[PDB]
Amino acid sequence: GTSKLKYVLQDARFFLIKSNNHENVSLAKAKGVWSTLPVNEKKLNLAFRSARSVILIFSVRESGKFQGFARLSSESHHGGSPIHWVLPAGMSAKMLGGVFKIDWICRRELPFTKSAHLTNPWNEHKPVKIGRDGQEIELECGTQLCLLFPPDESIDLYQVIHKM
Ligand SMILES: CNC(=O)c1n[nH]c2c1CCCC2
């Protein structure tokens, strides 16, 4: 069904996350964590306090798809177990910063060809696939985008609802 998913997304905020590679999304799916640059980290921490759910929608650059979406379960924190992210050649791991805990809502992919009818008012009404890492997606567009993903029958949203 879609009813618990709609409940989780009600009055949520949504952010596009762009990963340079599949490896970091695979790590995020295995470990329930994400890290971003400080500019986006500050935005996500503000949003986490502001809304009942903050949803990250992931897309690997050049893949032509989204790889799934997840809900922040924490603000960012330092000092945890290190994550061996793959970073650009010139970048150190400290340039990233804190680690957000996330609960996956859908680990399945959605090709950009399926979201061509959705535009993001917060990015000049460009197709929702277009945007920089951290771009906020307006509520209606983000909700409709999440509802386009194939159902992930491995997920039980019961425990996520209780965290809200
Ligand atoms: C795990 N997090 C990431 O791989 C990430 N998220 N945003 C950026 C990066 C690396 C490159 C700079 C911009």
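Residues numbered from 1 in each chain as written, not as in the entry; some residues may be left out. Heavy atoms only, no water. Residues with missing side-chain atoms left out of burial classes, pairs and counts.

Method-wise, the PDB entry is recorded as coming from X-ray crystallography, at a reported resolution of 1.30 Å.

Quick look at the overall build of the protein chain now. Helix and strand counts for the protein chain stand at five helices and 10 strands. Rg of the C-alpha trace for the protein chain: 15 Å, near the compact-globule value of 15 Å for 164 residues, within the 12% margin. If one aligns the C-alpha atoms of the protein chain with their principal axes, the spans along those axes are about 40 × 35 × 30 Å. (Helix = DSSP H or I, 4+ residues; strand = E, 2+ residues; numbered from the N terminus. Rg over C-alpha atoms; globule rule 2.2 N^0.38 Å.)

On to the pairing of strand β3 (residues 54-60). Among the seven residues that make up β3, seven are buried, leaving the element largely enclosed by the rest of the structure. Here β3 shows no split at all, with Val 54, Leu 56, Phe 58 and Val 60 on one side and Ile 55, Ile 57 and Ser 59 on the other all buried. The sheet contact formed by strand β1 (residues 13-19) and β3 spans seven bridges and is parallel. When the sheet's bridge partners are listed, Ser 19 is paired in β3 with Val 60. By the bridge criterion, four bridges tie β3 to strand β5 (residues 68-72) in an arrangement that is antiparallel. The residue of β5 that forms the bridge with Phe 58 is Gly 68. (Buried < 20%, exposed > 50% of the residue type's maximum accessible area, 1.4 Å probe, protein only. Pairing = 2+ DSSP bridges.)

To continue, consider the site of the ligand. In the vicinity of the ligand, the residues found are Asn 20, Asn 24, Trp 34, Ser 35, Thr 36, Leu 37, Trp 85, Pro 88, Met 91 and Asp 133. The fraction of the free accessible surface of the ligand (340 Å²) that becomes covered by protein chains is 91%. The class makeup of the residues in the shell around the ligand is five nonpolar, four polar and one charged. (Near = heavy atom within 4 Å. Areas by Shrake-Rupley, 256 points an atom, 1.4 Å probe, with all protein chains shown as cover. Nonpolar A, V, L, I, M, F, W, Y, C, P; charged D, E, K, R; others polar.)

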